[PDB]
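*Asks:* Experimental structure and sequence below, a few questions after.
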Amino acid sequence: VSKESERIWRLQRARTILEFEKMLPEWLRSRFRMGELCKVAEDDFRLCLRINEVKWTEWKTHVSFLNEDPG
Amino acid sequence: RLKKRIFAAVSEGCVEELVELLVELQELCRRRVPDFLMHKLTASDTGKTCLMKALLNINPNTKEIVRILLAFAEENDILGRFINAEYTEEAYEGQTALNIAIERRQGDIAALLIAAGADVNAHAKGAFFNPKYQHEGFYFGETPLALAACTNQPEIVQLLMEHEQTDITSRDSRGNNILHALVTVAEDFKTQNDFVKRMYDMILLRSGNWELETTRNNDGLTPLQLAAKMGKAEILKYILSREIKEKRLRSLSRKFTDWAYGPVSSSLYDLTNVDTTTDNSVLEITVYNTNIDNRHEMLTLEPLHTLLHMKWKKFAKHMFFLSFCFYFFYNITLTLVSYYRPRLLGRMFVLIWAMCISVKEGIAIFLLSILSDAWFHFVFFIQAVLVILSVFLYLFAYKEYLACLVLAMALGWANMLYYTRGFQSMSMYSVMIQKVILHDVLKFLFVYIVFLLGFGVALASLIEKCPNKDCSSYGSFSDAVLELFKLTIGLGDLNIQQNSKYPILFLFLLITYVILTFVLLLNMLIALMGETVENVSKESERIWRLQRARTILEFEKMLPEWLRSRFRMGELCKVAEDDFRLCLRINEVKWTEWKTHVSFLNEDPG
Ligand SMILES: COc1ncnc(OC)c1C(=O)Nc1nc(C(F)(F)F)c(-c2ccnc(C(C)(C)C#N)c2)s1
Ligand SMILES: COc1ncnc(OC)c1C(=O)Nc1nc(C(F)(F)F)c(-c2ccnc(C(C)(C)C#N)c2)s1
Ligand SMILES: COc1ncnc(OC)c1C(=O)Nc1nc(C(F)(F)F)c(-c2ccnc(C(C)(C)C#N)c2)s1
Ligand SMILES: COc1ncnc(OC)c1C(=O)Nc1nc(C(F)(F)F)c(-c2ccnc(C(C)(C)C#N)c2)s1
């Protein structure tokens, strides 16, 4: 139950978040609507969500980009 | 629209001919001066140049790209302020192209940029490189040497230290030099393969001198005290028991074998900033810091363990037994004064010792997590306060002194735990000082008050106003709350006759309350027990060792200066040409590592 607690809390929170998001008026949802447009290719322009993660157990090297300039 | 073209041609790298033609066009536009060229060569939003964008995007043709860029920069006498350019944004301020070349593990281009004249002291003084807390940003040391050593690039660390203008004794914004940074980044037993230990040893031997290790950051900590502050058990074990076997760097060691004959070997350990004779030593920091949860493994290191054992066996055992005896006779006198209360030999030794304890523990509190280590200070102070208050109320004409006197007697017999925590019979109390006081008892109290109030209302509501014992002990809300409390205290009795219009609903709610309070109590019970008896015995032994070290250091602070100098662990030993550092001798016998003994201070053992 140590972990089962986290399981049940996560499930209840997800269901609560989704039903609350359903309760809002459409204009409020359009106001919140996380995710920003991003050009990915010639004409792709998809709604992307930026996720800055820190994996402090890293041993590798990264060389790729879309906007190499750190945001 | 040429800036974006140069940046795209330099980031994509699909062909260097694109950037070659674009640079020809740029030079043509420049002929019709340096500030214009680099304002067209940088991004005004962050300050990044095309060199950083070329190194941030490594591709199979990036070495030729940086060669082309540096050739074009030197062909215009601008390469000085172009290879040394740095970000301007608040988050990544100070980051230059050498930081990016090292963070991308590009050694060849790094040598190229250092040969071209990129200053090797560029401090990445940004809010991303100096995070407020870890896991939000990347702190390596704000320097190319620290970045090369933290990312496990000993080739670049050699390339950086063999350079001429490098500052090995450079201190970043946090005050850290390279060694504080290495201590900060060092992870664990087998997580980072102990490469930080390798870099620490290599950088300390390269610059063989005591300045890197005797340097205090902005918190007044040296790399050794910084390994003590954090829970870096591996780096602390390395620095403390560090034996250099080279002939020139022997004075850098902190441990010196001087004695080996066969398997027998008597080794000296250095106790300069370790043996509580200074401001705050590895011993003080390791014992008193309650923010690592690793003192179990750091207090068993090579000099610290024997230092604690020696202090104990030398004076702390005697002081501890003497204080236990004094408190035991204080409690016996208190018990005999409380039993023979006047409803005569000495009833003031109680009073003088109570005032002594109150002032001592009060001064102890005044100089300060603080409910687990410094817990007994509060209860000893409260007991002494109760005693002196009982005396004051007794010499006044108060008959309410007996309550405080009996409470003080009982609380003193309870405070007798502090002396008997490592006796295997007061184990559960010693560990539930930590377990139950944290949050489970307050969660239990909140839920129990909710149960009590709700069921008090639910049961008092069900009862009918009756002509004046009312046939019901669940009368007003307070009587129902009292009956319920007495119930969970095993003081009551449930009867089916309570003068209700709904006796079955009343009985249902009463039994529901009983069962719910039992569930609550049993949750708290299995929490307080949490047996795993092997692990709970580890916990009790660990608590005993931690408090033993803590009280050893407490007792060492009470002695005067002359008694401390008369105990003074550590024999003075000459370890170099003229070093003469206080050490601590430890004899060992190893029957496995058979080696010819060429490092020693004395050739004649004994
Ligand atoms: C080794 O222990 C002893 N040996 C011989 N005699 C003794 O007492 C005569 C004792 C002893 O522990 N006495 C105590 N006194 C008090 C005081 F409240 F008065 F402070 C105690 C106390 C304090 C706070 N919370 C509780 C709990 C949670 C248990 C409740 N309810 C109890 S406990
Ligand atoms: C935080 O809890 C509270 N705080 C303040 N007041 C309270 O009640 C006054 C309470 C409380 O728990 N009330 C309750 N109501 C009812 C009910 F009759 F509705 F079923 C309870 C009940 C009765 C019988 N079997 C169960 C289960 C199925 C769980 C078992 N086994 C639950 S319990
Ligand atoms: C209807 O009863 C209940 N309903 C719901 N919850 C409950 O408890 C959570 C209870 C209940 O009986 N509680 C109790 N408390 C205490 C106390 F320790 F405080 F004295 C109890 C007690 C009293 C006297 N001798 C003992 C022995 C020596 C047997 C022990 N051990 C225990 S009994
Ligand atoms: C005063 O406490 C005692 N003193 C001396 N002897 C005792 O044993 C008889 C007792 C004692 O515990 N009596 C109890 N009866 C019951 C009941 F289930 F019937 F409600 C209890 C109960 C209530 C709620 N949740 C549990 C769980 C699920 C945790 C279990 N298991 C058990 S507890």
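*Replies:* Everything's here; your move. Numbering: from 1, shown residues only, chains lettered A, B, ... in the order given. Ligands and ions are numbered 1, 2, ... in the order given.
*Asks:* ok, the spatially closest residue to residue A:57 that is not a sequence neighbour - how many residues close by?
*Replies:* Among residues not flanking residue A:57 along the chain, residue B:191 sits closest, at 6.6 Å (Cβ to Cβ, 6 or more residues apart in numbering or on different chains). Where C-beta positions appear, they are placed from N, C-alpha and C, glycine not excepted. Neighbour count for residue B:191, taken as other Cβ atoms under 10 Å in any protein chain shown: 11.
*Asks:* Spell out the secondary structure type for residue B:191.
*Replies:* For residue B:191, the assignment made with DSSP: H, G, I helix; E, B strand; the rest coil gives coil.
*Asks:* who touches the residue nearest the centre of chain A in this structure?
*Replies:* Nearest residue to the geometric centre of chain A (Cα atoms, centre = their mean): residue A:49, 5.1 Å. Going by Cβ atoms under 8 Å, 6 or more residues apart in numbering or on different chains, residue A:49 touches A:34, A:35, A:36.
*Asks:* can you list the residues of chain A near ligand 3?
*Replies:* Within chain A, no position is near ligand 3 by Cβ under 6 Å from any ligand atom.
*Asks:* For chain A, which residue gets nearest to ligand 4?
*Replies:* residue A:1 (13.5 Å; Cβ to the nearest ligand atom).
*Asks:* gap between that residue and ligand 1?
*Replies:* Residue A:1 sits 26 Å away from ligand 1 when distances are taken as Cβ to the nearest ligand atom, to the nearest Å.
*Asks:* how far away is that residue from chain B?
*Replies:* Counting by Cβ to the nearest Cβ, to the nearest Å, the separation of residue A:1 from chain B is 11 Å.
*Asks:* Now for the residue of chain A found nearest chain B: which residues touch it?
*Replies:* Chain A approaches chain B most closely through residue A:63 (3.7 Å), counting by Cβ to the nearest Cβ. The contact partners of residue A:63, by Cβ under 8 Å, 6+ apart, come to B:56, B:57, B:58, B:59, B:104.
*Asks:* if you set the cut-off to 10 Å instead, what comes out?
*Replies:* Shown in contact with residue A:63 (Cβ atoms under 10 Å, 6 or more residues apart in numbering or on different chains): B:55, B:56, B:57, B:58, B:59, B:62, B:104, B:105, B:106.
*Asks:* same deal with residue A:50?
*Replies:* With Cβ under 10 Å, 6+ apart, residue A:50 has these contacts: A:34, A:35, A:36, A:38, A:71.
*Asks:* Would you confirm that the last one contacts residue A:52?
*Replies:* Yes. In this structure residue A:71 lies within contact range of residue A:52 using Cβ atoms under 10 Å: 8.4 Å.
*Asks:* Can you pull the residues that touch both of the two?
*Replies:* Counting by Cβ under 10 Å, 6+ apart, nothing touches both residue A:71 and residue A:52.
*Asks:* Tell me the residue of chain A that sits nearest ligand 3?
*Replies:* Counting by Cβ to the nearest ligand atom, chain A gets nearest ligand 3 through residue A:1, at 21.2 Å.
*Asks:* then stretch A:26-35 to PDB, C-alphas only?
*Replies:* Taking Å, rounded to 0.1, in the frame of the first residue of the first chain, the C-alpha atoms of stretch A:26-35 are listed here in PDB:
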ATOM      1  CA  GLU A  26     -15.000  26.600 -24.000                       C
ATOM      2  CA  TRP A  27     -13.500  30.100 -23.800                       C
ATOM      3  CA  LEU A  28     -11.900  29.300 -20.500                       C
ATOM      4  CA  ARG A  29     -10.400  26.100 -21.900                       C
ATOM      5  CA  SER A  30      -9.100  28.100 -24.900                       C
ATOM      6  CA  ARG A  31      -7.600  30.600 -22.400                       C
ATOM      7  CA  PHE A  32      -5.700  27.900 -20.500                       C
ATOM      8  CA  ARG A  33      -4.800  25.500 -23.300                       C
ATOM      9  CA  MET A  34      -1.200  24.800 -22.500                       C
ATOM     10  CA  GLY A  35       1.200  24.200 -25.400                       C
END
